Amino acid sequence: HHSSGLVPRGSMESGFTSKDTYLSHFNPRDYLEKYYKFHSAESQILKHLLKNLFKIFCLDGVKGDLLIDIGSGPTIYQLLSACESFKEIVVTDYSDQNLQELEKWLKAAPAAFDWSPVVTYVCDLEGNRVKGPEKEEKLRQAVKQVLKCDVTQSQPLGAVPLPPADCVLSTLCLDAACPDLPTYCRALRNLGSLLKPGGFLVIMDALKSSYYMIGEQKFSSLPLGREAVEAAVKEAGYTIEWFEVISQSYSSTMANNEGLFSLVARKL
């Protein structure tokens, strides 16, 4: 995409990877093979996101009718615990390439990525009430829609009539989606329009990361800290229930994050 090494793809005119670059120059299966192979940085990070989700959805409250999952990418690790606390899930993404990988996975098509190592891992955290083939069927039955997203749009779902949600989940999304704090803050107001009053916001993402790599192809990220996200959340109409910060970072070659944040909020 012209630039090559000097600046992330689709970030020369703008200074941040434009949304177009996610539709055209983005291979989702290449990304899944890199980050979600699954005791490296990636595996340890995925294991921490998983523990936080098992605690949010299985250990604590966060029970409901409908959970809208914003910017799911081509991944399902983030929905394994919520398919126990929610009667229905509505997954979304900007990339059609990503929505495709999700739709292939809901069909159990052999050409879809293997989530077996991950699914079995979450089963072990839950005590193993069920096994992999049983856990994946609960989650697939729970996915009611796969829709196009745009957190950087007043109506994040467009014309789709969706009922108010009890939870809105977003993992590893807004750092790539928003190019500056005004957009990060606005994109959180947009998530609130999908949420019920006193409804949960669950956000997980990297801290202090300005880029992330998918091979040799580079992508933009918003380098923000704990103070920056804490402030962005509260100003967008949310009361923060708890905020976790971990020091684990992605390997040298994969991103310059100083750690990762996990937080639960409530639309107030």
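All residue numbers are counted from 1 along the displayed sequence.
- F38, present in the displayed chain, goes without coordinates in a third or more of the other PDB entries compared that cover both sides of it.
- Unmodelled residues of the deposited sequence between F38 and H39: 1 to 3.
- Higher mean CA temperature factor between 124 to 132 and 107 to 115: 124 to 132, per the PDB entry.
- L23 sits in the lowest third of its chain by CA B factor, as recorded in the PDB entry.
- Looking at the C-alpha B-factors along this chain, the one for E33 belongs to the middle third.
- The deposited CA B-factor of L53 belongs to the lowest third of values across its chain.
- When the CA B factors of the chain's modelled residues are split into thirds, the value for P156 lands in the highest one.
- In the PDB entry, a CA B factor belonging to the lowest third of its chain's modelled residues is recorded for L201.
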